[PDB]
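For reference, the structure is listed below as structure tokens.
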Amino acid sequence: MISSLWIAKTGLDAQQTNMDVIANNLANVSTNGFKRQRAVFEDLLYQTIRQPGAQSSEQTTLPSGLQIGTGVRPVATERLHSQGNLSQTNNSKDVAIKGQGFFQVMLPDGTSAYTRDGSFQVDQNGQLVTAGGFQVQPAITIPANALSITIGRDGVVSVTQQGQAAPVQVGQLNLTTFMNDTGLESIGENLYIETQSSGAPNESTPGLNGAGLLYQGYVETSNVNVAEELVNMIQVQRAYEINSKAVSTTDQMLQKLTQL
Amino acid sequence: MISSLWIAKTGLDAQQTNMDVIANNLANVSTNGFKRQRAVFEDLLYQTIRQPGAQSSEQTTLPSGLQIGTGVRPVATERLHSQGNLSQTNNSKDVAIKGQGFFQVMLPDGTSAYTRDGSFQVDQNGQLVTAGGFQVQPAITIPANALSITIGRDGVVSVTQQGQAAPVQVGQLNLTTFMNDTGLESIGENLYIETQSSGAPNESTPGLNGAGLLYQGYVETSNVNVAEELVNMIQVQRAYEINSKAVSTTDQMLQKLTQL
Amino acid sequence: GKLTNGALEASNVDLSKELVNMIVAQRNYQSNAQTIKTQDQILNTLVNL
Amino acid sequence: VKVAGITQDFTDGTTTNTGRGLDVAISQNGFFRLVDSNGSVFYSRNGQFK
């Protein structure tokens with residue numbers, strides 16, 4: 001109903017968004033292949049009133065006119081794509097990426113999502129699947145009579161059968177890379193789908209023109225840093241409290257006026 | 001006396017009911033075979049004003065009319081019938097349930113009640129009774145000169161006598177299962193009675209059909225998770241304060257009305 | 001696999017890894033409790049307006 | 001966050017001599033097959049038999 005109230009009602013909402021981002025980052029501190037978020041803000045409208053640079057006289061200009069501004073709005077929350085620390089949890093079905101590539105996974109509806117999570121399982125039919133049961137691509141089947149699974153640095157999946165001194169190649173794991181990794185649309189379950197801001201999916205082999213390397217027995221942990229999130233909570237809490245104090249001051253000002 | 005005041009009054013009552021549910025869950029942490037309660041709410045009636053979808057002109061309909069709603073009401077309190085942690089008390093008379101069955105006891109009224117509590121005693125008559133003295137159908141009499149009681153996983157109760165190389169079976173503990181477990185009416189003293197929404201009591205041996213198994217020397221602790229209750233208490237307190245603030249705002253508006 | 005007679009297969013739980021995981025899990029739980037406490041001190045501040 | 005699942009590290013553990021003839025250890029893959037009193041089929045790696 002008054003200008004300062006709207007401005008401080010935008011400040012509250014922006015700080016609440018910042019707290020939401022911080023809390024979501026802290027909640028997923030242990031999920032493998034996670035990329036933490038960062039919210040960015042920008043200034044709202046700026047009411048012109050007296051125009052800055054307006055010609056007051058015929059020879060004197062008015063410097064920096066009465067530019068009363070509106071509150072703040074957040075542009076977006078961008079994913080900080082950095083390499084999480086690798087952990088040696090020593091299982092043949094866990095693979096970790098060393099560069100900037102993504103695994104391709106086929107969704108049940110026929111479309112393809114992209115995930116950096118390397119915790120793979122084997123279904124009842126012998127196909128490699130994501131822990132959520134989504135089958136990986138371009139399909140790597142694993143026989144029932146398998147003794148050991150070896151996934152090399154180039155993505156070649158080999159299976160050694162019983163009593164045979166030579167391994168059997170059962171597929172080739174490829175990595176998808178994008179022009180813009182941030183523009184991908186996250187659909188949950190550690191899955192990202194392609195968006196027009198992410199360019200087009202460029203499939204590549206692990207070690208060539210820019211796909212990362214795969215390490216077997218390793219899991220890529222999250223890049224969330226706990227101490228920085230703690231400090232950011234302390235600063236967001238203070239900013240939210242101060243903006244609420246601005247709301248309260250506006251409320252008190254409106255009280256006296258009405259009482260008059 | 002004004003609509004918003006009634007809505008806020010209903011909200012306060014619902015939050016108070018939630019707090020009572022939380023307090024009841026907290027008070028029964030040490031009870032054996034206790035299933036925690038959870039309250040479910042529904043939104044109340046709607047004052048129609050303009051009907052949503054009413055034909056305004058001859059061809060254009062009115063989308064999403066003025067549906068001013070009333071407060072909230074709690075529908076139900078549902079138990080979480082989940083297997084609690086088993087605790088070893090190393091007692092020959094304490095029994096614990098592994099599945100989803102119930103013990104059948106006889107109230108002195110003459111009707112049958114159902115309890116999941118397994119801390120059993122023997123009365124001066126030698127029968128098996130519950131700690132509240134209710135006699136445990138379909139009825140197990142323990143002889144005078146007993147040396148040890150062995151209750152098997154399938155419910156066979158045996159007593160080893162002095163001078164007899166073989167155990168003597170003195171009964172068979174049975175379990176009753178319901179098609180709807182949450183529909184039972186709790187009468188207190190760890191007893192549930194059958195209603196018409198709780199289906200019909202299906203008696204079976206522990207192992208056959210779907211009834212669970214009996215473990216001797218174990219007691220079933222309550223399934224109450226405490227940290228969840230503390231977080232729920234914080235949420236309930238804050239929501240109650242918010243509803244109280246709404247009541248205060250309505251009171252202030254009414255006060256500024258009166259003087260006019 | 002082949003059967004070995006007279007031997008038992010012991011568990012595969014390494015205690016050191018379990019202890020360090022317990023430590024890190026405790027710290028993560030405390031951090032989540034801290035952000036829970038912050039959201040409230042924010043809700044309480046908004047209420048006290 | 002959502003817990004996707006809970007797995008079990010099916011790697012071969014320690015083999016410890018016991019001196020009894022009725023304990024069997026399964027190196028590499030394999031599961032002992034059991035039937036309960038109901039008739040359901042179960043599988044177990046514990047070779048402590050009696």
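Following the order of the structure tokens, first chain is A, next is B, and so on, with residues numbered from 1 inside each chain and ligands from 1 in the order they appear.
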Residues of chain C within 10 Å of chain D: nearest atom pair and distance (Å, one decimal) for each, counting only C-alpha atoms, sorted by chain and number, as a Markdown table?
```
| residue | atom | partner | partner_atom | distance |
| --- | --- | --- | --- | --- |
| C:1 | CA | D:28 | CA | 4.7 |
| C:2 | CA | D:27 | CA | 5.9 |
| C:3 | CA | D:26 | CA | 5.1 |
| C:4 | CA | D:25 | CA | 5.0 |
| C:5 | CA | D:24 | CA | 4.8 |
| C:6 | CA | D:21 | CA | 5.0 |
| C:7 | CA | D:17 | CA | 4.3 |
| C:8 | CA | D:25 | CA | 4.9 |
| C:9 | CA | D:15 | CA | 4.7 |
| C:10 | CA | D:14 | CA | 4.8 |
| C:11 | CA | D:13 | CA | 5.5 |
| C:12 | CA | D:13 | CA | 4.7 |
| C:13 | CA | D:13 | CA | 8.4 |
```
Per DSSP on the backbone, filter stretch 106-240 of chain A down to the residues in alpha helix (DSSP H) and report them as number ranges by chain.
A: 226-240
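Distance criterion 12 Å to chain B, applied with only C-alpha atoms, yields residues 255, 258 and 259 of chain A on chain A.
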Name the residues in contact with stretch 149-152 of chain B at a cut-off of 10 Å, using only C-alpha atoms, excluding same-chain residues fewer than 3 positions from it; report them as a VMD selection string.
chain B and resid 91 to 95 142 146 155 to 161 167 to 173 206 213 to 217
Return the neighbours of chain C among the residues of chain A, cut-off 7 Å, counting only C-alpha atoms, as a PyMOL selection string.
chain A and resi 23+26-27+237+241+244+248
Written selection (C-alpha atoms) as a PDB file, in the first residue's frame:
```
ATOM      1  CA  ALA A  23      19.024 -25.213   3.104  1.00  0.00           C
ATOM      2  CA  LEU A  26      22.965 -28.410   3.097  1.00  0.00           C
ATOM      3  CA  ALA A  27      20.303 -31.132   2.866  1.00  0.00           C
ATOM      4  CA  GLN A 237      19.600 -14.414   8.708  1.00  0.00           C
ATOM      5  CA  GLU A 241      16.042  -9.611  10.182  1.00  0.00           C
ATOM      6  CA  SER A 244      11.917  -7.207   8.626  1.00  0.00           C
ATOM      7  CA  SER A 248       8.293  -2.753  11.069  1.00  0.00           C
TER       8      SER A 248
END
```
Would you list, as a ChimeraX atom specification, the residues of chain D that end up in strand (DSSP E) under DSSP run on this structure's backbone?
/D:15-17,24-26,32-35,41-44
List the spatial neighbours of residue B:4 as a list in words - criterion: any atom at most 9 Å away, only C-alpha atoms, same-chain residues fewer than 4 positions off excluded.
residues 8, 9, 70, 71, 246, 247 and 250 of chain B
Quick one: which residues from chain D are at most 12 Å off chain B, using only C-alpha atoms, as number ranges by chain?
D: 36-40
Prev. selection, N, CA and C atoms, output as a PDB file, in the first residue's frame:
```
ATOM      1  N   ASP D  36      12.217 -72.951   5.389  1.00  0.00           N
ATOM      2  CA  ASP D  36      11.711 -72.780   6.742  1.00  0.00           C
ATOM      3  C   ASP D  36      10.570 -73.761   7.004  1.00  0.00           C
ATOM      4  N   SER D  37       9.896 -73.582   8.144  1.00  0.00           N
ATOM      5  CA  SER D  37       8.776 -74.448   8.491  1.00  0.00           C
ATOM      6  C   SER D  37       7.573 -74.231   7.583  1.00  0.00           C
ATOM      7  N   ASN D  38       7.418 -73.036   7.020  1.00  0.00           N
ATOM      8  CA  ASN D  38       6.310 -72.728   6.126  1.00  0.00           C
ATOM      9  C   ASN D  38       6.525 -73.334   4.744  1.00  0.00           C
ATOM     10  N   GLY D  39       7.773 -73.453   4.300  1.00  0.00           N
ATOM     11  CA  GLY D  39       8.058 -73.927   2.963  1.00  0.00           C
ATOM     12  C   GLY D  39       8.604 -72.883   2.019  1.00  0.00           C
ATOM     13  N   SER D  40       8.805 -71.654   2.487  1.00  0.00           N
ATOM     14  CA  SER D  40       9.427 -70.630   1.662  1.00  0.00           C
ATOM     15  C   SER D  40      10.908 -70.932   1.474  1.00  0.00           C
TER      16      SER D  40
END
```
